[PDB]
Novice: 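My questions all concern the structure below.
Here is how names work: the chains are called A, B, and so on, in the same order as the sequence lines, proteins then strands, and each is numbered from 1.
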Amino acid sequence: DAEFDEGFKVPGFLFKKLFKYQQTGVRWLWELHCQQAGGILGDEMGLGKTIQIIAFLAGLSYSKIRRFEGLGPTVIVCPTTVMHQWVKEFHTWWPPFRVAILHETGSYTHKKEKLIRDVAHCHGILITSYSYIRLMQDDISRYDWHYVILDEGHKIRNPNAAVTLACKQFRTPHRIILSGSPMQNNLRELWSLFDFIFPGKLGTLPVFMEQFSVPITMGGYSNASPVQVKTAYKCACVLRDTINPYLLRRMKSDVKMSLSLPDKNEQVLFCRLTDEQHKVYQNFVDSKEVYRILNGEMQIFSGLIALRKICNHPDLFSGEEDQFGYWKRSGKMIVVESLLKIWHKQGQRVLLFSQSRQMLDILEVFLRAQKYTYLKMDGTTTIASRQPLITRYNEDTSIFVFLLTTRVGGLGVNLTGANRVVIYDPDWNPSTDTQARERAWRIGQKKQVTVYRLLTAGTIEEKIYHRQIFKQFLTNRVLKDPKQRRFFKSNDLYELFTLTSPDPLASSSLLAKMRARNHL
Amino acid sequence: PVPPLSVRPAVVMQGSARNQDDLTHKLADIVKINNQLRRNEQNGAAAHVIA
DNA sequence: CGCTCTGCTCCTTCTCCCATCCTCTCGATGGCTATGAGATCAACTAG
DNA sequence: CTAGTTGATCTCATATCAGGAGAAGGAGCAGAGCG
Ligand SMILES: Nc1ncnc2c1ncn2[C@@H]1O[C@H](COP(=O)(O)OP(=O)(O)O)[C@@H](O)[C@H]1O
Ligand code: BEF
Ligand SMILES: [Mg+2]
């Protein structure tokens, strides 16, 4: 057995299975337990956070540490697609646990409140969804749970969503968040996460915003003066120091050499609008509705959505071989058709992502127009069939492409049977696409992976790409280093309706640190 | 106190355009600025902005 | 002997009000405030 | 009983001159006691 500082042992076989960084993570979780703090397992997608959590919980039950003797009744809140993934991982890794699911699919077949009661009174692991946490907080919080692991806990990133207020009703100190992307659009999301794991560290959202968000952000705009850049660097250093004890975030570059992962490519293709797609886009930017948007008369969202549809495919105006969603009318589908042709002859399996359900239907009709065998999983596919679908795709290689929405098909699912992944359409949120692309290059991928991001050149999509590069830079300023290069590629303004087709410290280290911080 | 609909009836014009009362427009302004003030006190805002 | 406490006057706001009932025409009024993905669920529509 | 499809419902997330008349407050101030 492996033994840690006070009384915490993890079984020798369970421990031997882990990697060096995973056992570092099990350690870190248990210092969090000792200090009665929460934290964010921020190791990026695919590194294995389910295994660190399960190993730590198993060593918590196995060590019989002292209210609760060992492990108490814990709740794991996760996206609906991975509840059964969690159950599978628990049953293979630590079978002695009783792992219930709190869902319609579930396995119970009696009153759900009864399930919650029983798990509270027999110290099981209740795996529920964020929707259920919102809906049943009346029952989920009357039982003094021992851990409140939130998987993909960045669903707590809005401090005002009902799910957020619900998840912040657990009285327990041992709050954990699993999210390889615990910052997606801005620092308010980081505050919300840290307000769940440790309410006070970052202050009230007033203080956090004024002290960190306005400074750290205002030093990333292209036009930022040097003084304000230096203020942003200082504030980023302070924020990283403050959140260092409670974030554990390992990347696939400090581990990759120790993990035997295959190579990775991240190409970004700049597709070209077709003449008819260009004509629709030109007539929409020239339309009066856009003019009303630019004057503040009408909401920007309508025009943004229209432009995104146009770059996805002209399904606005549905133009035989002229049925709805014909691939040749969109440049990105021309690129996708060529890529699928080459990859099919290369005997390879592809992972085709899309933000939109309608576009996913168009791509399904397109794939069936080809002879390609496919598999589809969007938010409409019943949850009870999602993990079988994933298992099917991973097991038998006759299935070529896997059609996924980034919201259900991203986010914690293991699809290493896939080898190629193309993100058909960008998202405003960078992390949606980060997780979608990380669905393939995970522990278990035995083949070289390349990710293709399709953007229509000179369209709204390039602007969304610029927005999410800016957001990613703001995120990297406070996750990997505070010395980030200012985003200079654009000013990120409301002229994204234009079509531009191309062609003891001894008081001296302490004082020295103070003079440093203040001189900045 | 926001009055009921009888005190501020939404009269339908010749077509389908429902015209709202002056009280309803004013209550719309009041609710707009009230929500705006609620978020500005809850999230980042300067003291002079709240004022 | 210097402070207080009147209380008188002049000005200044400030606010309220301005007959009853009746007929007709004429012009303006627009107000518009999205979208979609996911989850939940309950009812059929089959098995 | 068992899935599966289909609406409805709800959560969440994406972005930059020809008034008048009276009533109340305030201010300047003259003056009387009086400490
Ligand atoms: N130490 C390990 N030994 C064997 N398999 C592992 C190990 N760590 C992770 N895995 C596998 O890697 C896969 C991806 O890990 P997962 O926990 O889904 O990633 P994430 O950290 O994004 O949740 C899982 O299916 C898991 O079985
Ligand atoms: F964050 Be996921 F589980 F890869
Ligand atoms: Mg996971």
Side-chain angles (χ1 to χ4, degrees), chain A residues 77-81 83 102-106 109 112 128-136 152 154-167 184-186 188-189 192 221 288-289 292-309 312 315-316 353-361 377-386 388 404-411 425-433 436 460-461 463-464 466-468 470-471 490-497, chain B residues 10-22 24-25 28 31-32:
Chain A
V77 187
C78 57
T80 53
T81 304
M83 307 181 263
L102 176 63
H103 197 246
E104 190 277 331
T105 65
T109 74
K112 296 298 215 320
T128 189
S129 68
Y130 289 100
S131 289
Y132 261 70
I133 284 295
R134 176 177 61 243
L135 293 171
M136 293 177 71
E152 318 295 21
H154 63 75
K155 305 280 276 284
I156 293 300
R157 70 183 186 270
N158 197 256
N160 301 114
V163 57
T164 306
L165 294 174
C167 275
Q184 292 185 112
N185 304 294
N186 48 36
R188 192 173 46 255
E189 295 167 353
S192 176
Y221 300 130
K288 182 177 173 67
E289 183 65 25
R292 284 205 297 165
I293 297 169
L294 303 175
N295 290 23
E297 313 177 3
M298 186 64 73
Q299 280 302 320
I300 170 167
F301 276 133
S302 61
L304 289 177
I305 295 156
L307 297 172
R308 292 172 93 211
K309 292 182 184 292
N312 268 9
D315 55 36
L316 282 80
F353 276 104
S354 194
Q355 309 301 327
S356 199
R357 192 178 293 173
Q358 293 179 356
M359 187 67 237
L360 205 65
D361 289 27
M377 199 177 77
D378 73 302
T380 60
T381 64
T382 63
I383 296 154
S385 70
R386 282 186 200 168
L404 291 161
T405 65
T406 46
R407 292 180 179 90
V408 163
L411 278 285
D425 169 16
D427 203 79
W428 294 102
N429 188 335
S431 73
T432 301
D433 296 353
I460 184 75
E461 295 187 343
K463 314 306 164 62
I464 294 169
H466 294 350
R467 297 293 186 280
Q468 84 190 359
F470 171 88
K471 287 171 179 188
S490 284
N491 209 345
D492 274 11
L493 71 168
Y494 64 96
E495 290 79 2
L496 73 172
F497 283 84
Chain B
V11 69
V12 69
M13 293 177 71
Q14 72 291 340
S16 62
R18 206 82 82 78
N19 197 334
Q20 305 293 348
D21 204 82
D22 294 3
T24 308
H25 293 167
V31 174
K32 278 171 73 174

Novice: Taking the sign of the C1'-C2'-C3'-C4' torsion, positive for north and negative for south, which way does the sugar of C/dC14 pucker?
Specialist: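 South pucker for C/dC14.
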
Novice: When every nucleotide of nucleotides 1-11 of chain D is labelled 5' to 3' by its protein contacts under 4.0 Å (heavy atoms), B for base, S for sugar-phosphate only, - for none, what sequence of letters results?
Specialist: ----B-----S

Novice: OP1, OP2 of C/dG31 versus side-chain N and O of B/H25: anything below 4.0 Å?
Specialist: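 Looking at the OP1 and OP2 atoms of C/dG31, neither is under 4.0 Å from any side-chain N or O of B/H25.
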
Novice: Could you tell me if the bases of C/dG7 and C/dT6 meet the stacking criterion, namely six-membered ring centres under 5.5 Å apart and ring planes under 30° to each other?
Specialist: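 The answer, once centre distance and plane angle are checked, is that they stack.
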
Novice: So what does A/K463 touch, heavy atoms closer than 4.0 Å: a base, only the sugar-phosphate, or nothing?
Specialist: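 Nothing, no heavy atom under 4.0 Å.
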
Novice: Which part of the nucleic acid, if any, lies within reach of A/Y494 when heavy atoms closer than 4.0 Å are counted: base, sugar-phosphate only, or nothing?
Specialist: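 A/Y494: backbone/sugar contact only, no base atoms under 4.0 Å.
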
Novice: Under a 90° cut-off about 0 for the syn range, is C/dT33 syn or anti?
Specialist: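 Here the answer is syn: the torsion falls within 90° of 0.
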
Novice: Heavy atoms only, 4.0 Å cut-off, all strands: where does A/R157 land among base, sugar-phosphate and nothing?
Specialist: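 Touches sugar-phosphate only.
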
Novice: Under 4.0 Å between a side-chain N/O of A/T405 and OP1 or OP2 of C/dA37, yes or no?
Specialist: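 No, because none of the side-chain N or O atoms of A/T405 sits under 4.0 Å from OP1 or OP2 of C/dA37.
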
Novice: Can you tell me the base-pairing partner of D/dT16? Count Watson-Crick or G-U wobble geometry only, both distances below 3.5 Å, and say none if there is no partner.
Specialist: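 D/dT16 is paired with nothing.
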
Novice: C/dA34 phosphate, OP1 or OP2: any side-chain N/O from A/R308 under 4.0 angstrom?
Specialist: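 No, outside the criterion.
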
Novice: For the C1' atoms, the ones on C/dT4 and on D/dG35, what distance do you get once it is rounded to whole angstrom?
Specialist: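 Per the computed distance, 10 Å lies between those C1' atoms.
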
Novice: Classify the sugar of D/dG28 as north or south, using the sign of the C1'-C2'-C3'-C4' torsion: positive means north, negative means south.
Specialist: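 Torsion sign negative, so south.
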
Novice: Using Watson-Crick or G-U wobble geometry with both distances below 3.5 Å, tell me the partner of C/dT15, or none.
Specialist: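 Pairing partner, where one exists within any strand: D/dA21.
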
Novice: Would you classify A/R188 as touching base, sugar-phosphate or nothing, given that sugar-phosphate means primed atoms plus P, OP1 and OP2, and contacts are heavy atoms under 4.0 Å?
Specialist: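 Counting heavy atoms under 4.0 Å across all strands, no contact is made by A/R188.
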
Novice: Classify the nucleic acid contact of A/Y130 as base, sugar-phosphate or nothing, counting any heavy atom under 4.0 Å across all strands shown.
Specialist: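 The residue A/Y130 makes no contact with any strand.
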
Novice: For D/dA13 and A/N185 - does any side-chain N or O of the residue sit under 4.0 Å from the phosphate oxygens OP1/OP2?
Specialist: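 Checking D/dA13 against A/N185, no side-chain N or O comes under 4.0 Å of OP1 or OP2.
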
Novice: Are B/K32 and C/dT33 close enough that a side-chain N or O sits under 4.0 Å from OP1 or OP2?
Specialist: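 B/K32 to C/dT33 OP1/OP2: no side-chain N or O under 4.0 Å.
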
Novice: With sequence neighbours left out, write down each residue that passes side-chain hydrogen bond (donor to acceptor under 3.5 Å, both in side chains) with A/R308, or none if nothing qualifies.
Specialist: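 Here no residue qualifies.
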
Novice: If C/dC22 has a Watson-Crick or G-U wobble mate with both distances under 3.5 Å, name it; if not, just say none.
Specialist: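 C/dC22 is unpaired by these criteria.
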
Novice: For B/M13, report the nucleic acid contact type (base, sugar-phosphate, nothing); a contact means any heavy atom under 4.0 Å.
Specialist: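 Base contact.
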
Novice: Mind checking side-chain hydrogen bond (donor to acceptor under 3.5 Å, both in side chains) for A/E461 and listing every partner two or more places apart, or none if nothing turns up?
Specialist: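 Residues passing side-chain hydrogen bond (donor to acceptor under 3.5 Å, both in side chains) with A/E461: A/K332, A/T456.
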
Novice: Over all strands shown, is A/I383 touching base, sugar-phosphate only, or nothing at heavy-atom distances under 4.0 angstrom?
Specialist: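 The residue A/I383 makes sugar-phosphate contact but no base contact.
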
Novice: Is A/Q358 touching bases, backbone alone, or none of the nucleic acid, heavy atoms closer than 4.0 Å?
Specialist: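 It contacts sugar-phosphate atoms only.
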
Novice: Among residues at least two apart in sequence or on other chains, which ones pass ring pair (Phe, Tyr, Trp, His ring centres under 6.0 Å) with A/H103?
Specialist: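 Counting only residues at least two positions away or on another chain, A/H103 forms a ring pair (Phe, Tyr, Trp, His ring centres under 6.0 Å) with A/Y132.
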
Novice: Counting the atoms with a prime plus P, OP1 and OP2 as sugar-phosphate, which does A/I300 contact under 4.0 Å by heavy atoms, base, sugar-phosphate, or nothing?
Specialist: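 Base, at least one base atom sits under 4.0 Å.
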
Novice: With nearest nucleotide decided by heavy atoms, which residue, A/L135 or B/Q14, maps closer to the 5′ end of DNA chain C?
Specialist: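 Final value for this comparison: B/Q14.
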
Novice: Give a yes/no on whether any side-chain N or O of A/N429 is located under 4.0 angstrom from OP1 or OP2 of D/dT14.
Specialist: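 Yes, such a contact exists.
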
Novice: Step by step, work out the side chain to side chain contact (heavy atoms under 4.5 Å, CB included) result for A/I383 and A/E104.
Specialist: CA-CA 9 Å; A/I383 296 154; A/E104 190 277 331; over 6 Å; no

Novice: Quick check on C/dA37: is either OP1 or OP2 less than 4.0 Å from any side-chain nitrogen or oxygen of A/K155?
Specialist: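 For A/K155, the contact criterion (side-chain N or O under 4.0 Å from OP1 or OP2 of C/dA37) is not met.
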
Novice: Kindly say if A/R467 contacts the phosphate of D/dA15, meaning a side-chain N or O under 4.0 Å from OP1 or OP2.
Specialist: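 No, no such contact exists.
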
Novice: Both distances below 3.5 Å, Watson-Crick or wobble geometry, any strand: find the nucleotide opposite C/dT29.
Specialist: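 Per the H-bond distance test, none.
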
Novice: Provide the distance between the two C1' atoms, one in D/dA32 and one in C/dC1, to the nearest whole Å.
Specialist: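 It comes out at 14 Å once rounded to the nearest Å.
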
Novice: Which residue, B/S16 or A/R407, contacts DNA chain C at a nucleotide closer to its 5' end, judged by nearest heavy atom?
Specialist: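 Taking each residue's closest nucleotide, the earlier one in sequence belongs to B/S16.
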
Novice: Round to a whole Å and report the spacing from CG of A/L496 to P of D/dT14.
Specialist: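 For the pair A/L496 CG and D/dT14 P, the rounded distance is 16 Å.
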
Novice: Determine the contact category for A/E297: base if any of its heavy atoms lies under 4.0 Å from a base atom, sugar-phosphate if only primed atoms, P, OP1 or OP2 are that close, otherwise nothing.
Specialist: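 Nothing: the residue A/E297, judged by heavy atoms under 4.0 Å, touches no strand.
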
Novice: When you check the sign of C1'-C2'-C3'-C4' for C/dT4, do you get north or south?
Specialist: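 Of the two classes, C/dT4 takes south, because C1'-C2'-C3'-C4' is negative.
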
Novice: Can you check the A/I464 CD1 to D/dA13 P distance for me, whole Å?
Specialist: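 Taking CD1 of A/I464 and P of D/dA13, I get 18 Å after rounding.
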
Novice: Name the one of A/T405, A/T406, A/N429 that satisfies side chain to side chain donor-acceptor pair (under 3.5 Å) with A/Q355?
Specialist: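 Answer to the side chain to side chain donor-acceptor pair (under 3.5 Å) test with A/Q355 among A/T405, A/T406, A/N429: A/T406.
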
Novice: Just distance, no hydrogens or angles: give the donor-acceptor pairs under 3.5 Å from side chains in residues 294-303 of chain A, sequence neighbours left out.
Specialist:
from: A/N295; atom 1: ND2; to: A/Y291; atom 2: OH; distance (Å): 3.4
from: A/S302; atom 1: OG; to: A/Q299; atom 2: O; distance (Å): 3.0

Novice: Taking A/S192 for its side chain and A/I156 for its backbone only, find out whether a donor-acceptor pair lies under 3.5 Å.
Specialist: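 Confirmed, A/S192 side chain pairs with A/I156 backbone.
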
Novice: Bend angle of the helix from C/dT35-D/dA13 to C/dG47-D/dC1 from five-pair axes at both ends, rounded to 10°?
Specialist: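 About 10°, once rounded to a multiple of 10°.
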
Novice: Could you tell me whether C/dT12 is syn or anti, where syn means a glycosidic angle within 90 degrees of zero?
Specialist: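 Base orientation: anti.
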
Novice: Does D/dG26 have a Watson-Crick or wobble partner in any strand here, with both distances under 3.5 angstrom, and which is it?
Specialist: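 Partner of D/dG26: C/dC10.
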
Novice: Under 5.5 Å centre to centre and under 30° between the ring planes, is that true for the bases of D/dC17 and D/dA18?
Specialist: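 Not stacked, because at least one condition fails for the base rings of D/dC17 and D/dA18.
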
